[PDB]
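Data block below; observations after.
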Amino acid sequence: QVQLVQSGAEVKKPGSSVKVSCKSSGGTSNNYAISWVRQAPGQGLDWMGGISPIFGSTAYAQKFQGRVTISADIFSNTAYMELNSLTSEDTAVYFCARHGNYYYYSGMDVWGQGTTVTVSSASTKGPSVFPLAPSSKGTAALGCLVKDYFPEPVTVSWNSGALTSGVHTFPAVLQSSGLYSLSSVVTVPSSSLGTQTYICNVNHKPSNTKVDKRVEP
Amino acid sequence: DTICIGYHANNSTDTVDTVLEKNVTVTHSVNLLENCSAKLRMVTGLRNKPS
Amino acid sequence: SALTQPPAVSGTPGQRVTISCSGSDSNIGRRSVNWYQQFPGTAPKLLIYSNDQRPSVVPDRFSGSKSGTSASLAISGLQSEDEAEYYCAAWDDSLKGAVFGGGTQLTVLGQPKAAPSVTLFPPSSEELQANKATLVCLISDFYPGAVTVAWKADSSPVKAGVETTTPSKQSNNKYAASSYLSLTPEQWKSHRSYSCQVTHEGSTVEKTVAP
Amino acid sequence: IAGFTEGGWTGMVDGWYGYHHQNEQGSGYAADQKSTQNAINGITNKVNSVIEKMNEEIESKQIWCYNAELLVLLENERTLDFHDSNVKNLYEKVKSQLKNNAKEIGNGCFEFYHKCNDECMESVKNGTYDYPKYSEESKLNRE
Ligand SMILES: *[C@@H]1O[C@H](CO)[C@@H](O)[C@H](O)[C@H]1NC(C)=O
């Protein structure tokens, strides 16, 4: 079975360029057409262009023309997408897909995991965490606020990951200020509050920040 | 009403040599110098003969 | 978008529902149609290709049709797992590119209405010390997963600093969401009350905090 | 305008082998998806195979350099002839479909003795052409 393997997620300041890779693992895709399709966050699919290495084709969307360089390598079963003159608007998730045949008319039936690329003029920052005390509620809610961190993503666990039931961590919110922020909450029995203690494990790899915080009433 | 059967052509300038012919122009070719003879062009496309 | 898709469709389990694609002659009119299925945060999957062809693995309840410059995707006997975003696609002869629809949101609502439980949090003592204030609104256990959040200062509505996350599903299948109002400490100290107004299916729930 | 005997089609970008049709509805280039893909499946297979064989000393490495360059020549030969074989199969794939419902103009083109609309054209291309459907129409026009 054929598989598509993309480089990990990338983050760049505007105007630089980023090159994303696609490896055909477990077989070759040289005999297939491959396309790069991008999804802006919460947006529809957008065709950037494609390449068919044996056929001898390199194709471009009219809109991405002159700014993108799509190249391929038959020996390594790898396809490349290079985007240039990056802007914040180029922030998206980028996919590679293998078609049914050599050309782009056929449906695309094999997809890479996708590589997320984010363009922001800011740099790396550690999150600021603040506890959310249980004032309100036979069941109650307490939580953690993760504030002002760049770039994505941050992981949160509770009590060294031992606490799992009823825990929900929200999607992060990108601040007008340009910093991501998010909240984590858990629902617990009201009875257990005075007795049982709660600590949140927050890890942010990009800053390489590891913070433990205890939430108290 | 007519229908024609035809083959592909383009402006590819790539040339390769074959046993019988030398410098045949083709639509696409791959260069094997990734892994010397200076030219190790292998044809993938077909012979380029524009209208 | 070269291809026209409805923003959202809805169905109850067991129903047959249809999704439309409106194009011009340059694309659908002259080209084959492909349909894609996407689950959130994951890569798309190919559903229909060449207008009506279906992959071997895809359930037979999926079918495709194309007429003129418009195409339709039909899913009969709708199931809960089919809830996802759907994209029509075609090659465009004028553009010499693949074009996509805006995307179509299918909702399979197999739960009875659940109004949200709202719990609103005041700024932490630490955060104020930082000279920052944020208010956190937690909306939980509501179904279906669409709500509107409004923030009030005193009894008057405010919009600066309001940033709201999109609904996400629970373990118990209900949706949950969070909203934040970012404040300067003086703004927070000054007005007597702040309220968070959540509206779900036409009914408003409110929580209020005071310094 | 012809046609593969006289030369290649610059108008066709979407295939190695294809059709060109002209009728009341229009004139246009189309690719034969089947035969080209087969070829690509074929061309790529040999290419992968050629690479696999590849991996006093100055002197021997010159020997080895020889070994490749010969192989390229064989496969380049085998390759171009493969296409030339394939284009033939397509013309004839078509000539076997049409029979006397059409004229072989020579140089690689066919002119129909019956009216051919886009739907009939397509029937020709996919191998489902209905000879009897137009065969009465064709018999008359010849005379
Ligand atoms: C090969 O062809 C080119 C024209 O593309 C010509 O300039 C060159 O001299 C030829 N070389 C040989 C060795 O025939």
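Each answer follows from the model by the rule given with it, or from the source it names; no laboratory instrument gave them. Counting neighbours? That spans all protein chains shown, and the Cβs are built from the backbone with ideal geometry, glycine included.
Just to check your reading of the model, which residue among A:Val110, A:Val119, A:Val129, A:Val146 is under 21 Å from C:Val99 (Cα atoms) and hydrophobic (A, V, I, L, M, F, W, C)?
Details: A:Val119 fails: under 21 Å from C:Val99 (Cα atoms); A:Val129 fails: under 21 Å from C:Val99 (Cα atoms); A:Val146 fails: under 21 Å from C:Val99 (Cα atoms).
After ruling out the rest, the residue left standing is A:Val110.
Quick check, is B:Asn48 closer than 26 Å to D:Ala30 by Cα and buried (at least 18 other Cβ atoms within 10 Å of the Cβ)? It would help to see each step written out before you state the result.
Numbers: closer than 26 Å to D:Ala30 by Cα: yes; buried (at least 18 other Cβ atoms within 10 Å of the Cβ): yes.
Criteria met by B:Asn48.
I'm checking my understanding of the structure. Among residues of the stretch D:26-65 that are outside any helix (DSSP H, G or I) and facing chain B (nearest Cβ under 9 Å), which one is surrounded by the fewest Cβ atoms within 10 Å (Cβ to Cβ)?
Per the criteria, the residue is D:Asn55.
Does the stretch D:9-25 hold any residues that are outside any loop (DSSP other than H, G, I, E, B) and over 16 Å from A:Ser57 (Cβ atoms), and which are they?
D:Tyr19, D:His20, D:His21, D:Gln22
Specify which of the listed residues (C:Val99, C:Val58) is closer than 30 Å to C:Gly145 by Cβ, among the β-branched types (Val, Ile, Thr) and either assigned to a loop (DSSP other than H, G, I, E, B) or not assigned by CATH to the domain that holds C:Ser10 (or both). Give the derivation first.
Values: C:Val99 fails: either assigned to a loop (DSSP other than H, G, I, E, B) or not assigned by CATH to the domain that holds C:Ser10 (or both).
Going through C:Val99, C:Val58 in turn, just one is closer than 30 Å to C:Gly145 by Cβ, among the β-branched types (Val, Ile, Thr) and either assigned to a loop (DSSP other than H, G, I, E, B) or not assigned by CATH to the domain that holds C:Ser10 (or both): C:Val58.
Of A:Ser165, A:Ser135, A:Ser176, which residue is out of contact with any strand residue (DSSP E or B) (no Cβ under 8 Å at 6 or more places or on another chain) and in a loop (DSSP other than H, G, I, E, B)? Give the steps one after another, and end with the answer.
Details: A:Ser135 fails: out of contact with any strand residue (DSSP E or B) (no Cβ under 8 Å at 6 or more places or on another chain); A:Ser176 fails: out of contact with any strand residue (DSSP E or B) (no Cβ under 8 Å at 6 or more places or on another chain).
Selected residue: A:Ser165, the only one of A:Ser165, A:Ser135, A:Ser176 that is out of contact with any strand residue (DSSP E or B) (no Cβ under 8 Å at 6 or more places or on another chain) and in a loop (DSSP other than H, G, I, E, B).
Matching residues to (1) touching a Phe, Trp or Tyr at 6+ places or on another chain (Cβ under 8 Å); (2) within 22 Å of D:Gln33 (Cβ to Cβ); (3) in a strand (DSSP E or B):
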residue: A:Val20; (1), (2), (3): yes, no, yes
residue: A:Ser29; (1), (2), (3): no, yes, no
residue: A:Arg38; (1), (2), (3): yes, no, yes
residue: A:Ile51; (1), (2), (3): no, yes, yes
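Within the stretch A:77-115, count every residue that is in contact with a strand residue (DSSP E or B) (Cβ under 8 Å, 6 or more places away or on another chain) and either among the basic types (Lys, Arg) or under 18 Å from C:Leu47 (Cα atoms) (or both).
16
Within the stretch A:21-37, can you find the residues that are of a type outside the set (S, T, N, Q) and surrounded by fewer than 24 Cβ atoms within 10 Å (Cβ to Cβ)?
A:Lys23, A:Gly26, A:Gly27
May I ask you to list the residues in the stretch D:66-91 that are aromatic (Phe, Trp, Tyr) and either surrounded by 13 or more Cβ atoms within 10 Å (Cβ to Cβ) or within 7 Å of another protein chain (Cβ to nearest Cβ) (or both)?
Scanning the stretch D:66-91 gives D:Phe82, D:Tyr91.
Within the stretch A:53-88, restricting attention to residues that are part of a strand (DSSP E or B) and among the hydroxyl-bearing types (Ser, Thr, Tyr), which residue is nearest to C:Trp91 (Cα to Cα)?
Residue satisfying both the conditions and the ranking: A:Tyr60.
Among what's in the stretch B:18-45 and is within 16 Å of the ligand (Cβ to nearest atom) and outside any loop (DSSP other than H, G, I, E, B), pick the residue that is surrounded by the fewest Cβ atoms within 10 Å (Cβ to Cβ).
Going through the qualifying residues, I end up with B:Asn31.
If I ask for residues that are at negative phi and either more than 9 Å from chain B (Cβ to nearest Cβ) or part of a strand (DSSP E or B) (or both), which ones from the stretch D:93-112 would you list?
D:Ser96, D:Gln97, D:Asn100, D:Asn101, D:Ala102, D:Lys103, D:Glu104, D:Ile105, D:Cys109, D:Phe110, D:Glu111, D:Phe112
Return the total of residues in the stretch C:115-143 being assigned to a strand (DSSP E or B) and surrounded by fewer than 18 Cβ atoms within 10 Å (Cβ to Cβ). Let's see the steps before the verdict.
Within the stretch C:115-143, the first condition is being assigned to a strand (DSSP E or B), and the residues that meet it are C:117-121, C:133-143.
Imposing the further condition that a residue be surrounded by fewer than 18 Cβ atoms within 10 Å (Cβ to Cβ) reduces the set to C:141.
Matching residues across the stretch C:115-143 total 1.
I'd like the full set of residues that are in contact with a strand residue (DSSP E or B) (Cβ under 6 Å, 6 or more places away or on another chain) and within 15 Å of the ligand (Cβ to nearest atom), limited to the stretch B:3-17.
The answer is B:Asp14, B:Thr15, B:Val16.
Among the residues of the stretch D:113-133, is there at least one that is among the small types (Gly, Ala, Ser) and facing chain B (nearest Cβ under 10 Å)?
no
Among (1) more than 30 Å from A:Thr87 (Cβ to Cβ); (2) crowded, with 19+ Cβ neighbours inside 10 Å, there is one condition A:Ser160 misses while meeting the rest; what is its number?
Among (1) more than 30 Å from A:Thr87 (Cβ to Cβ); (2) crowded, with 19+ Cβ neighbours inside 10 Å, the lone unmet condition for A:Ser160 is (2).
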